[PDB]
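The structure appears right after this line, and notes come after that.
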RNA sequence: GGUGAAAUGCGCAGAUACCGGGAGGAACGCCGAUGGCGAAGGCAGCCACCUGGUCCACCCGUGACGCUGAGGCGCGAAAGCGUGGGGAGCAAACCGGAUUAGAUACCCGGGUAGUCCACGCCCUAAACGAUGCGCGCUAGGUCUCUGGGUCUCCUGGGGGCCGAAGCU
Ligand SMILES: Nc1ncnc2c1ncn2[C@@H]1O[C@H](C[C@@H](N)CC[C@H](N)C(=O)O)[C@@H](O)[C@H]1O
Ligand SMILES: [Mg+2]
Ligand SMILES: [Mg+2]
Ligand SMILES: [Mg+2]
Ligand SMILES: [Mg+2]
Ligand SMILES: [Mg+2]
Ligand SMILES: [Mg+2]
Ligand SMILES: [Mg+2]
Ligand SMILES: [Mg+2]
Ligand SMILES: [Mg+2]
Ligand SMILES: [Mg+2]
Ligand SMILES: [Mg+2]
Ligand SMILES: [Mg+2]
Ligand SMILES: [Mg+2]
Ligand SMILES: [Mg+2]
Ligand SMILES: [Mg+2]
Ligand SMILES: [Mg+2]
Ligand SMILES: [Mg+2]
């Protein structure tokens, strides 16, 4: 397996419930593909540099997983299927290349 | 790709003696391993010609080390082949 | 009968020909066609006429032969065929078939046949055409510098006055051509003609050209 | 001249690989979404080469712009 | 005849002509002018003077709808684009801001021969 | 709109300029270099998977296993060909406008093949460093990309410039 970094930007207009439901499918999806959730962050809402789906804001989810690379591509096909999901970027984790230090 | 595990497994499985890392037997083994993976990758990706040259070379360096084996020990040779399962 | 297919020569029967021309109201024959350009240009502008070009030298026709077999979108045509033959042995399959026929700027033996004229050969030329088919012949020495030639195959000098003479007219009559018209043309006019030699002659030095036209009467 | 201040010096020890630090990344962008040249980023061939990927990754996520309008003129 | 007051002014310069379009706080045009709208017909149409006249014509006409303040937006480069941005500032309208928003591809369509020979 | 000026052209069935929505194709601004990779042809949005080459340090393993390479096989820009798909922009041919003594051109308006994809074919080039591959030996200086080091410089691999001896 390889350690990755899932990014997900979904509609900033979801209510407490609607939101927690989309996260459901995500967590559900992850396991379905072997995603072993090492951790998570949730900056939530953020003012996008440019509008996405006409909406000028976005809700963020960040998951650092570990899973079978042979499926990482599917994992995202799946994650993009959602209608409230308006961005999905999976990235190979990488040592933090420092600078100006 | 081939994990360090996948690798050393072959290295120890062929080594002539404890700590043997560069015996012709080993090298040939490791090359047979790389070749197969590549030959595989290439059964699909029939367009990735660039990689194919890499294969032409692996196969090259191998058939050339083997050539060296006969010349020297004609026994270890027949031995290596049968084992690795080379020729065809 | 020999036709040209690309750079390759193949046989064509009368029955095949009849089936081809069945799709057309008119047939035009250009005899001693040379490079094929008269037939090609004429063909691109009249899809209601079937064009047959006859020349004894096949390599000359290659460029146009290769062109006509291309796809229509790249200039291919379906109303042109090239026949490989000489006036002295014209294919029987072409007898009594043409609604109109031209010989433009002949030279060598063909020129001798038109201008002396050789009665048997021109009769055989007339034989390709149906009763009253149109014909035109365009010739030009005008002489002098080109001779050489007058000293060689004998030949006419040859003025409009010569083409108007009772003797030439009578000989033509014996071969089946009724002269309807005779015109003297100038260099500027000949540029209309779209053909090897018409162009070469035209942009070259001043020359007298003569166009003789009319109908086939033998039948 | 381009001797106003190197974006690098005018800043702390950051992880050039981090594609979410809109805070710092935004620093290497022209008065437009354009990525500044080393002349102004004060970064090196290697550093500057890693920035680009990061600044581009950040653009897709919507955190950083691709291009901004110019004011004045 | 609506009475807007605050709006936008789009200056579309080009090496052949200048055309100014005034609009309301959100894009819909109120009035428009150009090198042709006024006298000039061919080459003259481009020239900075025309740009000037056209700018003015644009404001004057827009003064009718009760315009007063405008945000200028420059698109393209050409025969006197600055003159237009000036004729406005003077026209009477208080110019709130000038902004270059000339479009540029991130390399998409092969341009016509006339605009190639580059790279 | 377009040009030296123009015209063809488009527009009152409302064009151009402006705002919003959608569809589709092709390319990938800044970073970008005087840069990097590849055997060459050639290769630049970002992401993942599959995969080739290559450098450095340690000197640990094999122990001459090396070099070149007729023929072979493979790869081979563009255009071009075959079947099918796609087609936004561009544009041979072609259709027009203008210029001209003429204009089968250059300029302007259109525009088909093509340019894109797949599968197969073609195999060429100023396919250029106009410089075949490998190895050893013969002052330095300077800038640069990438690795190691006792890291104001030394050391290894690569890219440039200037130049010893020498060569021409
Ligand atoms: N005896 C002949 N019979 C038929 N054709 C002939 C004979 N002799 C010469 N020709 C052809 O006459 C043509 C004369 C050439 N100048 C081409 C003439 C052609 N019609 C043209 O106008 O371009 C040549 O192509 C010769 O091959
Ligand atoms: Mg009306
Ligand atoms: Mg729009
Ligand atoms: Mg379409
Ligand atoms: Mg190299
Ligand atoms: Mg090159
Ligand atoms: Mg040792
Ligand atoms: Mg030993
Ligand atoms: Mg060799
Ligand atoms: Mg091609
Ligand atoms: Mg094709
Ligand atoms: Mg097609
Ligand atoms: Mg054109
Ligand atoms: Mg192909
Ligand atoms: Mg090729
Ligand atoms: Mg170092
Ligand atoms: Mg060096
Ligand atoms: Mg010297």
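Points to keep in mind about this one:
- C-alpha center-to-center spacing [segment A:53-78, segment A:4-30] in angstrom: 10
- Viscosity 1.567 mPa s, 4 °C: Kirkwood-radius Stokes-Einstein D of segment C:10-68 over Cα pairs, µm²/s: 106
- Taking the inverse of the mean reciprocal distance over all distinct Cα pairs, the Kirkwood hydrodynamic radius of chain E comes to 14.6 Å.
- Computed FRET value (nearest 0.05) for residue E:101 with residue C:10, which takes r as the C-beta separation and R₀ as 56 Å: 0.25
- Evaluated at q = 0.05, 0.07, 0.10, 0.11 Å⁻¹: base-10 log I(q)/I(0), Debye formula over Cα of the protein assembly as shown: -0.63, -0.87, -0.95, -1.05
- Relative protection proxy for C:75-82, C:7-14, from highest mean packing down: C:75-82, C:7-14 (other beta-carbon atoms within 10 angstrom).
- GNM result for chain E, Cα springs below 10 Å: residue of E:29, E:103, E:48 fluctuating most strongly: E:103
- 10 Å Cβ neighbours from other chains, averaged over peptide E:76-88: 0
- Span from the segment E:100-119 Cα centroid across to the segment C:27-63 one, whole angstrom: 48
- Expected 222 nm ellipticity per residue - DSSP helices of 4 or more, -39500 (n - 2.57), all of the protein assembly as shown, to 500: -10500 deg cm²/dmol
- Its relative contact order, with pairs defined as Cα atoms under 8 Å and 6+ residues apart, puts chain B at 22 percent.
- Cα-based helix-to-principal-axis angle, C:166-175 vs chain C, degrees rounded to 10: 30
- Relative contact order (percent, whole number), chain E, Cα cutoff 8 Å, 6+ residue spacing: 28
- Cβ-Cβ distance of residue C:86 and residue C:167, R₀ of 25 Å, FRET efficiency by 1/(1 + (r/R0)^6): the value works out to about 0.40.
- Order by protection proxy (mean Cβ within 10 Å, highest first), peptides E:60-73, B:62-75: E:60-73, B:62-75
- For the peptide D:19-26, the mean number of other protein chain Cβ atoms found within 10 angstrom of a residue's Cβ is 2.
- Alpha-carbon Debye profile of chain A, log10 I(q)/I(0) at 0.10, 0.13 Å⁻¹: -0.29, -0.48
- Percent of C-alpha pairs per 5 Å bin, chain C, short to long: 1, 7, 15, 19, 20, 17, 12, 6, 3, 1, 0
- The calculated FRET efficiency for the pair residue A:100 and residue E:1, based on their C-beta separation and a Förster distance of 60 Å, comes to about 0.50.
- Among C:51, B:77, C:145, C:162, the ranking by other beta carbons within 10 Å of each residue's beta carbon, starting with the fewest, stands as C:145, C:162, B:77, C:51.
- Long-range Cα-Cα pairs in chain B (distance over 18 Å), rounded percent: 47
- Each distinct pair of alpha carbons in segment C:109-159 adds a 1/r term; the inverse of their mean, the Kirkwood radius, is 12.4 Å.
- Under the Debye formula (equal points on every Cα, no solvent term), log10 I(q)/I(0) of segment A:30-70 at q = 0.16 Å⁻¹: -0.57
- Relative contact order %, segment C:1-113, counting alpha carbon pairs below 8 Å whose residues are six or more apart: 33
- All-pairs alpha carbon distance profile, segment C:8-113, 10 Å steps from 0, percent: 14, 50, 32, 4, 0
- Translational diffusion of segment A:1-41, µm² s⁻¹ [Kirkwood Rh, Cα pairs; Stokes-Einstein; 10 °C; 1.306 mPa s]: 137
- Average beta carbon contacts from partner chains per residue of D:62-69, 10 Å cutoff: 6
- Tilt relative to chain E, helix E:82-91 - C-alpha long axis, 0 to 90 degrees, to 10: 0
- Semi-axes of the equivalent ellipsoid for chain D, Cα gyration tensor, largest first, Å: 18, 17, 10
Every number here is computed from the coordinates shown, using simple stated rules; none is lab data. Methodologically, a virtual Cβ is constructed for each residue, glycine included, from the backbone with ideal geometry; neighbour enumeration extends over all protein chains shown.
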